[PDB]
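Structure data (PDB, C-alpha atoms) from final-v3.pdb:
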```pdb
ATOM      1  CA  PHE A 537      -1.620  -7.523 -19.105
ATOM      2  CA  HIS A 538       1.154  -7.344 -21.693
ATOM      3  CA  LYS A 539       3.933  -9.806 -20.904
ATOM      4  CA  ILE A 540       7.394  -8.250 -20.776
ATOM      5  CA  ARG A 541      10.474 -10.504 -20.947
ATOM      6  CA  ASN A 542      13.032 -10.471 -18.123
ATOM      7  CA  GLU A 543      15.741  -9.975 -20.750
ATOM      8  CA  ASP A 544      14.239  -6.636 -21.756
ATOM      9  CA  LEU A 545      14.354  -5.231 -18.204
ATOM     10  CA  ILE A 546      17.374  -3.763 -16.387
ATOM     11  CA  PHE A 547      16.958  -3.229 -12.643
ATOM     12  CA  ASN A 548      18.618  -0.125 -11.234
ATOM     13  CA  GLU A 549      18.417   1.694  -7.913
ATOM     14  CA  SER A 550      15.992   0.812  -5.185
ATOM     15  CA  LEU A 551      13.457   3.586  -4.659
ATOM     16  CA  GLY A 552      11.742   2.179  -1.568
ATOM     17  CA  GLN A 553       9.150  -0.369  -0.522
ATOM     18  CA  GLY A 554       5.410  -0.958  -0.552
ATOM     19  CA  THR A 555       3.330  -3.483   1.378
ATOM     20  CA  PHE A 556       5.148  -6.802   0.683
ATOM     21  CA  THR A 557       6.896  -5.222  -2.304
ATOM     22  CA  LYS A 558      10.201  -3.626  -3.184
ATOM     23  CA  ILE A 559      10.349  -0.831  -5.743
ATOM     24  CA  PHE A 560      13.178  -0.058  -8.206
ATOM     25  CA  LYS A 561      14.003   2.328 -10.989
ATOM     26  CA  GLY A 562      14.666   0.368 -14.170
ATOM     27  CA  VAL A 563      14.964   0.455 -17.946
ATOM     28  CA  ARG A 564      12.832  -1.415 -20.490
ATOM     29  CA  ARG A 565      14.243  -2.064 -23.971
ATOM     30  CA  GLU A 566      11.396  -2.074 -26.479
ATOM     31  CA  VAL A 567      10.376  -1.547 -30.072
ATOM     32  CA  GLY A 568       8.249   1.621 -30.087
ATOM     33  CA  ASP A 569       6.292   3.492 -32.741
ATOM     34  CA  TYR A 570       7.565   3.288 -36.325
ATOM     35  CA  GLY A 571       9.750   0.375 -35.265
ATOM     36  CA  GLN A 572      12.255   2.596 -33.429
ATOM     37  CA  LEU A 573      14.244   0.952 -30.632
ATOM     38  CA  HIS A 574      13.843   2.631 -27.233
ATOM     39  CA  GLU A 575      15.352   2.312 -23.773
ATOM     40  CA  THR A 576      12.501   3.526 -21.560
ATOM     41  CA  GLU A 577      12.805   4.445 -17.883
ATOM     42  CA  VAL A 578      10.322   2.382 -15.864
ATOM     43  CA  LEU A 579       9.165   1.797 -12.296
ATOM     44  CA  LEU A 580       9.564  -1.881 -11.266
ATOM     45  CA  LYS A 581       7.376  -3.110  -8.401
ATOM     46  CA  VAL A 582       8.528  -6.524  -7.185
ATOM     47  CA  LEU A 583       6.315  -8.721  -5.002
ATOM     48  CA  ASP A 584       8.408 -10.234  -2.201
ATOM     49  CA  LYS A 585       9.026 -13.946  -2.830
ATOM     50  CA  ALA A 586       8.097 -14.746   0.784
ATOM     51  CA  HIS A 587       4.681 -13.295  -0.098
ATOM     52  CA  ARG A 588       4.095 -14.974  -3.469
ATOM     53  CA  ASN A 589       0.688 -16.066  -2.098
ATOM     54  CA  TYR A 590      -0.480 -12.456  -2.629
ATOM     55  CA  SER A 591       0.304 -12.502  -6.353
ATOM     56  CA  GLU A 592      -3.341 -12.516  -7.495
ATOM     57  CA  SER A 593      -4.198  -9.487  -5.359
ATOM     58  CA  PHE A 594      -0.915  -7.774  -6.241
ATOM     59  CA  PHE A 595      -1.748  -7.880  -9.949
ATOM     60  CA  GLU A 596      -5.488  -7.386  -9.533
ATOM     61  CA  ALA A 597      -4.626  -4.050  -7.954
ATOM     62  CA  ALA A 598      -2.863  -2.912 -11.093
ATOM     63  CA  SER A 599      -5.231  -4.575 -13.513
ATOM     64  CA  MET A 600      -8.151  -2.531 -12.217
ATOM     65  CA  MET A 601      -6.158   0.648 -12.834
ATOM     66  CA  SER A 602      -5.558  -0.445 -16.427
ATOM     67  CA  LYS A 603      -9.197  -1.281 -17.219
ATOM     68  CA  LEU A 604      -9.800   2.483 -17.590
ATOM     69  CA  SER A 605      -7.551   5.062 -19.250
ATOM     70  CA  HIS A 606      -7.363   8.591 -17.816
ATOM     71  CA  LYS A 607      -4.875  11.450 -17.707
ATOM     72  CA  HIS A 608      -4.717  11.273 -13.868
ATOM     73  CA  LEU A 609      -4.184   7.472 -13.609
ATOM     74  CA  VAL A 610      -0.715   5.908 -13.728
ATOM     75  CA  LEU A 611       0.238   4.030 -16.876
ATOM     76  CA  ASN A 612       0.894   0.295 -16.490
ATOM     77  CA  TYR A 613       3.231  -1.029 -19.166
ATOM     78  CA  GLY A 614       2.850  -4.699 -18.335
ATOM     79  CA  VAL A 615       4.085  -7.497 -16.132
ATOM     80  CA  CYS A 616       7.147  -9.708 -15.936
ATOM     81  CA  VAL A 617       6.372 -13.107 -14.472
ATOM     82  CA  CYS A 618       9.496 -14.806 -15.808
ATOM     83  CA  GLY A 619      11.138 -17.260 -13.449
ATOM     84  CA  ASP A 620      10.205 -16.931  -9.786
ATOM     85  CA  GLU A 621       9.495 -13.194  -9.989
ATOM     86  CA  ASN A 622       6.203 -11.286  -9.909
ATOM     87  CA  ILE A 623       6.958  -7.861 -11.370
ATOM     88  CA  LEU A 624       4.701  -4.952 -12.248
ATOM     89  CA  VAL A 625       6.106  -2.558 -14.856
ATOM     90  CA  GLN A 626       4.821   1.039 -14.720
ATOM     91  CA  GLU A 627       5.653   4.485 -16.041
ATOM     92  CA  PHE A 628       8.485   6.207 -14.213
ATOM     93  CA  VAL A 629       7.806   9.657 -12.745
ATOM     94  CA  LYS A 630      10.802  11.954 -12.320
ATOM     95  CA  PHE A 631       9.537  13.744  -9.228
ATOM     96  CA  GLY A 632       8.472  10.771  -7.124
ATOM     97  CA  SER A 633       5.551  10.283  -4.822
ATOM     98  CA  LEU A 634       3.585  13.105  -3.241
ATOM     99  CA  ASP A 635       4.353  12.341   0.429
ATOM    100  CA  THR A 636       8.106  12.783  -0.056
ATOM    101  CA  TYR A 637       7.625  15.811  -2.285
ATOM    102  CA  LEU A 638       5.472  17.565   0.316
ATOM    103  CA  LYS A 639       8.044  16.925   3.040
ATOM    104  CA  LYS A 640      11.023  18.101   0.961
ATOM    105  CA  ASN A 641       9.286  21.134  -0.581
ATOM    106  CA  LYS A 642       7.013  22.264   2.269
ATOM    107  CA  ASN A 643       8.585  25.720   2.501
ATOM    108  CA  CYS A 644       7.581  26.532  -1.096
ATOM    109  CA  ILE A 645       4.124  24.936  -1.464
ATOM    110  CA  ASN A 646       1.262  27.374  -0.893
ATOM    111  CA  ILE A 647      -2.494  27.100  -0.717
ATOM    112  CA  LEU A 648      -2.981  27.447  -4.481
ATOM    113  CA  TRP A 649      -0.601  24.550  -5.156
ATOM    114  CA  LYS A 650      -2.439  22.448  -2.579
ATOM    115  CA  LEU A 651      -5.850  23.353  -4.045
ATOM    116  CA  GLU A 652      -4.699  22.514  -7.579
ATOM    117  CA  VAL A 653      -3.383  19.125  -6.435
ATOM    118  CA  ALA A 654      -6.562  18.440  -4.415
ATOM    119  CA  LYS A 655      -8.692  19.286  -7.475
ATOM    120  CA  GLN A 656      -6.743  16.911  -9.711
ATOM    121  CA  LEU A 657      -7.025  14.076  -7.190
ATOM    122  CA  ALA A 658     -10.737  14.838  -6.836
ATOM    123  CA  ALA A 659     -11.070  14.628 -10.627
ATOM    124  CA  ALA A 660      -9.371  11.235 -10.700
ATOM    125  CA  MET A 661     -11.622   9.926  -7.939
ATOM    126  CA  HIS A 662     -14.716  11.342  -9.671
ATOM    127  CA  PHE A 663     -13.685   9.434 -12.793
ATOM    128  CA  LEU A 664     -13.403   6.251 -10.741
ATOM    129  CA  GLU A 665     -16.665   6.901  -8.911
ATOM    130  CA  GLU A 666     -18.549   7.375 -12.184
ATOM    131  CA  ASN A 667     -17.099   4.046 -13.342
ATOM    132  CA  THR A 668     -18.021   2.542  -9.948
ATOM    133  CA  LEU A 669     -14.410   1.383  -9.534
ATOM    134  CA  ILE A 670     -13.019   1.213  -5.983
ATOM    135  CA  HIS A 671      -9.408   2.251  -5.460
ATOM    136  CA  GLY A 672      -9.083   1.134  -1.833
ATOM    137  CA  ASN A 673      -5.760   2.809  -0.928
ATOM    138  CA  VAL A 674      -5.862   6.573  -1.604
ATOM    139  CA  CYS A 675      -2.884   8.206   0.123
ATOM    140  CA  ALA A 676      -0.106  10.659  -0.695
ATOM    141  CA  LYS A 677       2.411   7.855  -1.127
ATOM    142  CA  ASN A 678       0.200   6.569  -3.966
ATOM    143  CA  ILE A 679       0.156   9.929  -5.793
ATOM    144  CA  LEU A 680       2.934  10.709  -8.303
ATOM    145  CA  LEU A 681       4.102  14.179  -9.297
ATOM    146  CA  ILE A 682       4.450  14.202 -13.094
ATOM    147  CA  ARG A 683       5.243  17.903 -13.383
ATOM    148  CA  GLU A 684       6.287  20.590 -10.937
ATOM    149  CA  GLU A 685       4.571  23.934 -10.765
ATOM    150  CA  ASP A 686       6.204  26.555 -12.984
ATOM    151  CA  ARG A 687       4.902  29.961 -11.898
ATOM    152  CA  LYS A 688       6.958  31.698 -14.614
ATOM    153  CA  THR A 689       4.744  29.985 -17.234
ATOM    154  CA  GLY A 690       1.581  29.744 -15.091
ATOM    155  CA  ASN A 691       1.859  25.931 -15.293
ATOM    156  CA  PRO A 692       0.202  24.109 -12.363
ATOM    157  CA  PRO A 693       1.662  20.936 -10.911
ATOM    158  CA  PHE A 694       0.281  17.763 -12.462
ATOM    159  CA  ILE A 695      -0.296  14.492 -10.516
ATOM    160  CA  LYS A 696      -1.463  10.959 -11.181
ATOM    161  CA  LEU A 697      -2.983   8.402  -8.826
ATOM    162  CA  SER A 698      -1.057   5.106  -8.775
ATOM    163  CA  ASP A 699      -2.513   1.635  -8.081
ATOM    164  CA  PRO A 700      -3.622   0.686  -4.535
ATOM    165  CA  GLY A 701      -1.269  -2.294  -4.098
ATOM    166  CA  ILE A 702      -2.432  -5.497  -2.401
ATOM    167  CA  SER A 703      -6.034  -4.998  -1.270
ATOM    168  CA  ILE A 704      -7.023  -4.331   2.362
ATOM    169  CA  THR A 705      -9.519  -7.164   1.916
ATOM    170  CA  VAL A 706      -6.645  -9.676   2.109
ATOM    171  CA  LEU A 707      -4.094  -7.956   4.314
ATOM    172  CA  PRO A 708      -3.359  -9.003   7.916
ATOM    173  CA  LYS A 709      -5.268  -7.039  10.537
ATOM    174  CA  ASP A 710      -2.121  -5.564  12.136
ATOM    175  CA  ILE A 711      -1.221  -3.864   8.842
ATOM    176  CA  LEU A 712      -4.760  -2.504   8.475
ATOM    177  CA  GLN A 713      -4.560  -1.057  11.964
ATOM    178  CA  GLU A 714      -1.183   0.518  11.205
ATOM    179  CA  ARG A 715      -2.915   2.175   8.227
ATOM    180  CA  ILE A 716      -5.378   4.094  10.415
ATOM    181  CA  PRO A 717      -6.555   6.838   9.535
ATOM    182  CA  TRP A 718      -6.394   6.107   5.796
ATOM    183  CA  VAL A 719      -8.334   2.878   6.285
ATOM    184  CA  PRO A 720     -11.865   3.944   7.274
ATOM    185  CA  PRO A 721     -13.517   2.799  10.521
ATOM    186  CA  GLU A 722     -15.971   0.462   8.797
ATOM    187  CA  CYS A 723     -13.097  -1.392   7.104
ATOM    188  CA  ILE A 724     -11.309  -1.815  10.429
ATOM    189  CA  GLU A 725     -14.524  -3.345  11.742
ATOM    190  CA  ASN A 726     -14.836  -5.529   8.597
ATOM    191  CA  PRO A 727     -12.345  -5.287   5.692
ATOM    192  CA  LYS A 728     -15.021  -6.717   3.383
ATOM    193  CA  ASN A 729     -16.946  -3.416   3.977
ATOM    194  CA  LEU A 730     -14.692  -1.998   1.194
ATOM    195  CA  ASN A 731     -16.923   0.228  -0.939
ATOM    196  CA  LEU A 732     -16.896   3.443  -2.944
ATOM    197  CA  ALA A 733     -17.477   5.365   0.332
ATOM    198  CA  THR A 734     -14.101   4.013   1.536
ATOM    199  CA  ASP A 735     -12.252   6.218  -0.959
ATOM    200  CA  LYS A 736     -14.077   9.355   0.157
ATOM    201  CA  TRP A 737     -12.768   8.834   3.679
ATOM    202  CA  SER A 738      -9.189   8.064   2.502
ATOM    203  CA  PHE A 739      -9.388  11.051   0.171
ATOM    204  CA  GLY A 740     -10.043  13.187   3.243
ATOM    205  CA  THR A 741      -6.994  11.706   4.978
ATOM    206  CA  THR A 742      -4.930  12.384   1.869
ATOM    207  CA  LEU A 743      -6.058  16.026   1.817
ATOM    208  CA  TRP A 744      -4.847  16.293   5.399
ATOM    209  CA  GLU A 745      -1.452  14.980   4.228
ATOM    210  CA  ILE A 746      -1.352  17.513   1.409
ATOM    211  CA  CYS A 747      -2.103  20.339   3.862
ATOM    212  CA  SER A 748       0.408  19.063   6.458
ATOM    213  CA  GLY A 749       3.670  19.172   4.482
ATOM    214  CA  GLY A 750       3.792  15.384   4.411
ATOM    215  CA  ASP A 751       3.263  14.644   8.109
ATOM    216  CA  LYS A 752       1.509  11.354   8.802
ATOM    217  CA  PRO A 753      -1.707  11.877  10.778
ATOM    218  CA  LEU A 754      -1.765  10.037  14.093
ATOM    219  CA  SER A 755       1.824   8.897  13.620
ATOM    220  CA  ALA A 756       2.472   9.395  17.348
ATOM    221  CA  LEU A 757      -0.270   6.799  18.142
ATOM    222  CA  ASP A 758       0.606   3.095  18.230
ATOM    223  CA  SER A 759      -1.870   0.624  16.675
ATOM    224  CA  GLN A 760      -3.842   0.208  19.908
ATOM    225  CA  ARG A 761      -4.305   3.957  20.267
ATOM    226  CA  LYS A 762      -5.228   4.375  16.582
ATOM    227  CA  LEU A 763      -8.004   1.801  17.097
ATOM    228  CA  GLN A 764      -9.197   3.678  20.173
ATOM    229  CA  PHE A 765      -9.138   6.888  18.119
ATOM    230  CA  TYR A 766     -11.826   5.284  15.959
ATOM    231  CA  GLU A 767     -13.731   3.862  18.928
ATOM    232  CA  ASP A 768     -13.916   7.317  20.506
ATOM    233  CA  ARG A 769     -14.939   8.809  17.128
ATOM    234  CA  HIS A 770     -12.248  11.466  16.994
ATOM    235  CA  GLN A 771     -11.508  13.558  13.902
ATOM    236  CA  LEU A 772      -8.122  14.741  12.778
ATOM    237  CA  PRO A 773      -6.901  18.154  14.013
ATOM    238  CA  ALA A 774      -7.108  20.962  11.485
ATOM    239  CA  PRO A 775      -3.771  21.437   9.686
ATOM    240  CA  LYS A 776      -2.051  24.735  10.507
ATOM    241  CA  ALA A 777      -2.929  25.805   6.965
ATOM    242  CA  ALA A 778      -6.586  25.077   7.687
ATOM    243  CA  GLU A 779      -8.243  26.130   4.386
ATOM    244  CA  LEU A 780      -9.325  22.550   3.640
ATOM    245  CA  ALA A 781     -10.066  21.370   7.184
ATOM    246  CA  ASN A 782     -13.840  21.416   6.842
ATOM    247  CA  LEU A 783     -13.692  19.383   3.629
ATOM    248  CA  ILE A 784     -11.284  16.911   5.246
ATOM    249  CA  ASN A 785     -13.685  16.406   8.130
ATOM    250  CA  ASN A 786     -16.771  16.164   5.876
ATOM    251  CA  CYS A 787     -15.045  13.416   3.859
ATOM    252  CA  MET A 788     -13.885  11.654   7.018
ATOM    253  CA  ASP A 789     -17.456  11.059   8.164
ATOM    254  CA  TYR A 790     -17.967   8.050  10.433
ATOM    255  CA  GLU A 791     -21.249   7.423   8.569
ATOM    256  CA  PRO A 792     -20.157   6.089   5.139
ATOM    257  CA  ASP A 793     -23.513   6.944   3.529
ATOM    258  CA  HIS A 794     -23.136  10.588   4.490
ATOM    259  CA  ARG A 795     -19.782  11.117   2.813
ATOM    260  CA  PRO A 796     -20.156  13.550  -0.084
ATOM    261  CA  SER A 797     -20.015  12.546  -3.742
ATOM    262  CA  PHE A 798     -16.845  13.471  -5.564
ATOM    263  CA  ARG A 799     -18.871  15.864  -7.713
ATOM    264  CA  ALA A 800     -19.878  17.741  -4.527
ATOM    265  CA  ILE A 801     -16.270  17.601  -3.341
ATOM    266  CA  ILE A 802     -15.165  19.192  -6.622
ATOM    267  CA  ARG A 803     -17.858  21.860  -6.359
ATOM    268  CA  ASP A 804     -16.579  22.551  -2.827
ATOM    269  CA  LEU A 805     -12.960  22.845  -3.958
ATOM    270  CA  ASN A 806     -13.954  25.196  -6.772
ATOM    271  CA  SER A 807     -15.753  27.439  -4.265
ATOM    272  CA  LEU A 808     -12.411  28.267  -2.582
TER     273      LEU A 808
END
```
If you took the structure in this file and wrote it as structure tokens, what would it be?
Amino acid sequence: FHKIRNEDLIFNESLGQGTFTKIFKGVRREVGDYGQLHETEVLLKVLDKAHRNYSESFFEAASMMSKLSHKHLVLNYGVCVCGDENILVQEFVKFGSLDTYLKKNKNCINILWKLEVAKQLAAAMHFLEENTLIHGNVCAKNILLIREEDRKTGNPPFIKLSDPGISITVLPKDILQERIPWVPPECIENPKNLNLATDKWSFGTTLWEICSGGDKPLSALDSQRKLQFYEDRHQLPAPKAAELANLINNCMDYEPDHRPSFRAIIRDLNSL
């Protein structure tokens, strides 16, 4: 990871939180190509100081993302570990994360938009699967909208997958249970069961989000009832716009070995 100096970073408005992190919009002063000086908008993810003991996992999450380069993976600029801070510096995306965008724009997102976005996420996950690299936290809140759809120029939306944050293999069990149904049943039973098949299940959950205008599946269920949802082997209800329901359910297969490859997922999406 490239080391960025505290002095070159300006923190601006808070944008929200992640697990044990706070997230800000910021500006990075830098020397760019040809020696030109730039003030670049950046996303600043700050590990809580009370949770400094997660620093290794916090950065490992991003470092994995930066081992491979791909048009659908978020760009990490570097880290700032000056002083007592643990800061991840990433590209800033004007349109924010997908979960918010779906909620705010649900009255003007149709099936073709959802299919295009599903296809791009499937392509990103296929890239990871071919590199045998586990993401571990696929969800709409970890997808960024680079570009809106522009029908007038035929331009589709364009998304990127961001890093998974601190791994489920080190998080407390109550947080894992609160993350049902993105966390797959086998990882609730044993978080060290994290595997490539994990991301197929979470991909299904994320498709359900995309088809549900940003609703959170099972949000009405407390942690105890989410656990019992897995014990009783329930599936999610079909979204009202049900075009992707069968794919969602096929990805959310309680048997990890039966979940379809991302190449088969892509072939399925292209059939619609």
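The space between atom CA of residue 633 of chain A and atom CA of residue 677 of chain A spans 5.4 Å.
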- Within 10 Å of residue 733 of chain A using only C-alpha atoms, minus same-chain residues under 6 positions, as a PyMOL selection string: chain A and resi 665+670+672+720+722+739+787-789+791-797
- Message: Would you compute the distance between atom CA of residue 610 of chain A and atom CA of residue 586 of chain A? Give it in Å to one decimal.
- Response: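 Interatomic distance here is 26.7 Å.
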- Once the PyMOL selection byres ((chain A and resi 587) around 12) has been applied to the shown file, what residues remain in the selection, as an MDAnalysis selection string? chainID A and resid 555:558 582:586 588:594 620:622 702 707
- Message: As a check of understanding, name the residues that the PyMOL selection byres ((chain A and resi 776) around 12) selects in the supplied structure, as a ChimeraX atom specification.
- Response: /A:647,744-749,751,772-775,777-781
- Item | Resolved residues for the PyMOL selection byres ((chain A and resi 728) around 9) as a PyMOL selection string | chain A and resi 704-706+723+726-727+729-731
- Query: In Å to one decimal, how far is atom CA of residue 782 of chain A from atom CA of residue 721 of chain A?
  - Reply: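 Distance between the two atoms: 19.0 Å.
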- So which residues are close to (-8.1, -7.2, -17.7), meaning at most 8 Å away in the file's coordinates with only C-alpha atoms counted, and can you show them as JSON, numbers by chain? {"A": [537, 599, 600, 602, 603]}
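With all atoms listed in the file as the atoms that count, the residue of A:562, A:708, A:693, A:554 with the shortest distance to residue 650 of chain A is A:693.
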- Query: Taking into account all atoms listed in the file, which residue in the set A:678, A:626, A:595, A:575 is nearest to residue 614 of chain A?
  - Reply: A:626
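With distances taken over all atoms listed in the file, A:697 is the one residue among A:546, A:615, A:697, A:763 lying closest to residue 671 of chain A.
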- Query: Got a sec to check which residues sit within 6 Å of (-8.0, 7.9, 4.6), counting all atoms listed in the file, and write them as a VMD selection string?
  - Reply: chain A and resid 717 to 719 737 to 741
- Query: Nearest to residue 648 of chain A among A:597, A:805, A:604, A:559, with distances taken over all atoms listed in the file: which residue is it?
  - Reply: A:805
- Message: Could you check the closest approach to residue 580 of chain A for each of A:596, A:549, A:635, A:566 and tell me which residue wins, using all atoms listed in the file?
- Response: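 Among the listed residues, the smallest separation from residue 580 of chain A belongs to A:549.
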Let me have the centre and edge lengths of the axis-aligned box enclosing all listed atoms of segment 702-712 of chain A with 5 Å padding on every side, in Å to one decimal, as AutoDock Vina command-line options.
```
--center_x -5.4 --center_y -6.1 --center_z 4.9 --size_x 18.3 --size_y 17.2 --size_z 24.5
```
- Query: With only C-alpha atoms as the atoms that count, which of A:636, A:713, A:641, A:572 lies nearest to residue 762 of chain A?
  - Reply: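 Looking at the shortest contact to residue 762 of chain A, the residue is A:713.
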Is it possible to add N, CA and C atoms to segment 599-628 of chain A and hand it back as a CSV table (one decimal), keeping the file's coordinate frame?
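Ended up saving to rebuild.csv:
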```
chain,number,residue,atom,x,y,z
A,599,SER,N,-4.4,-4.3,-12.3
A,599,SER,CA,-5.2,-4.6,-13.5
A,599,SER,C,-6.5,-3.7,-13.5
A,600,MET,N,-7.0,-3.5,-12.4
A,600,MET,CA,-8.2,-2.5,-12.2
A,600,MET,C,-7.8,-1.2,-12.8
A,601,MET,N,-6.6,-0.7,-12.4
A,601,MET,CA,-6.2,0.6,-12.8
A,601,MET,C,-6.1,0.7,-14.4
A,602,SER,N,-5.7,-0.4,-15.0
A,602,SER,CA,-5.6,-0.4,-16.4
A,602,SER,C,-6.8,-0.7,-17.2
A,603,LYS,N,-7.9,-1.1,-16.5
A,603,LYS,CA,-9.2,-1.3,-17.2
A,603,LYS,C,-9.7,0.0,-17.8
A,604,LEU,N,-9.4,1.2,-17.1
A,604,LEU,CA,-9.8,2.5,-17.6
A,604,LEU,C,-8.5,3.3,-17.9
A,605,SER,N,-8.6,4.2,-18.8
A,605,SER,CA,-7.6,5.1,-19.2
A,605,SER,C,-7.9,6.5,-18.9
A,606,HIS,N,-7.0,7.2,-18.3
A,606,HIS,CA,-7.4,8.6,-17.8
A,606,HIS,C,-6.1,9.4,-17.6
A,607,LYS,N,-6.1,10.7,-17.8
A,607,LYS,CA,-4.9,11.4,-17.7
A,607,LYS,C,-4.3,11.5,-16.3
A,608,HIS,N,-5.1,11.2,-15.3
A,608,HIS,CA,-4.7,11.3,-13.9
A,608,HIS,C,-4.5,9.9,-13.3
A,609,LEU,N,-4.5,8.8,-14.1
A,609,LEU,CA,-4.2,7.5,-13.6
A,609,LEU,C,-2.9,7.0,-14.2
A,610,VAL,N,-2.0,6.4,-13.3
A,610,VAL,CA,-0.7,5.9,-13.7
A,610,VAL,C,-0.8,4.9,-14.9
A,611,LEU,N,0.2,4.9,-15.7
A,611,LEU,CA,0.2,4.0,-16.9
A,611,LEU,C,0.9,2.7,-16.5
A,612,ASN,N,0.3,1.6,-16.6
A,612,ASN,CA,0.9,0.3,-16.5
A,612,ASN,C,1.4,-0.1,-17.8
A,613,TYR,N,2.7,-0.5,-17.9
A,613,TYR,CA,3.2,-1.0,-19.2
A,613,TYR,C,3.0,-2.5,-19.3
A,614,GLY,N,3.0,-3.3,-18.2
A,614,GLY,CA,2.8,-4.7,-18.3
A,614,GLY,C,3.4,-5.4,-17.1
A,615,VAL,N,3.6,-6.7,-17.2
A,615,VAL,CA,4.1,-7.5,-16.1
A,615,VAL,C,5.2,-8.4,-16.6
A,616,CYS,N,6.1,-8.7,-15.7
A,616,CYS,CA,7.1,-9.7,-15.9
A,616,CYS,C,6.9,-10.8,-14.9
A,617,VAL,N,6.6,-12.0,-15.4
A,617,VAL,CA,6.4,-13.1,-14.5
A,617,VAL,C,7.3,-14.2,-14.9
A,618,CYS,N,8.5,-13.8,-15.5
A,618,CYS,CA,9.5,-14.8,-15.8
A,618,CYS,C,10.1,-15.4,-14.5
A,619,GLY,N,10.5,-16.6,-14.6
A,619,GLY,CA,11.1,-17.3,-13.4
A,619,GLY,C,10.3,-17.2,-12.2
A,620,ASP,N,10.9,-17.0,-11.1
A,620,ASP,CA,10.2,-16.9,-9.8
A,620,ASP,C,9.8,-15.5,-9.4
A,621,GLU,N,9.8,-14.6,-10.3
A,621,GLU,CA,9.5,-13.2,-10.0
A,621,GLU,C,8.1,-12.8,-10.4
A,622,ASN,N,7.5,-11.9,-9.6
A,622,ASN,CA,6.2,-11.3,-9.9
A,622,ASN,C,6.5,-9.8,-10.0
A,623,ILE,N,6.5,-9.2,-11.2
A,623,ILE,CA,7.0,-7.9,-11.4
A,623,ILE,C,5.9,-7.1,-12.1
A,624,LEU,N,5.6,-5.9,-11.6
A,624,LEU,CA,4.7,-5.0,-12.2
A,624,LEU,C,5.6,-3.8,-12.9
A,625,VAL,N,5.3,-3.5,-14.1
A,625,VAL,CA,6.1,-2.6,-14.9
A,625,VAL,C,5.2,-1.4,-15.2
A,626,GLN,N,5.6,-0.2,-14.6
A,626,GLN,CA,4.8,1.0,-14.7
A,626,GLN,C,5.7,2.2,-15.2
A,627,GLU,N,5.0,3.3,-15.6
A,627,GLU,CA,5.7,4.5,-16.0
A,627,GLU,C,6.5,5.0,-14.9
A,628,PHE,N,7.6,5.6,-15.2
A,628,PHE,CA,8.5,6.2,-14.2
A,628,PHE,C,8.2,7.7,-14.2
```
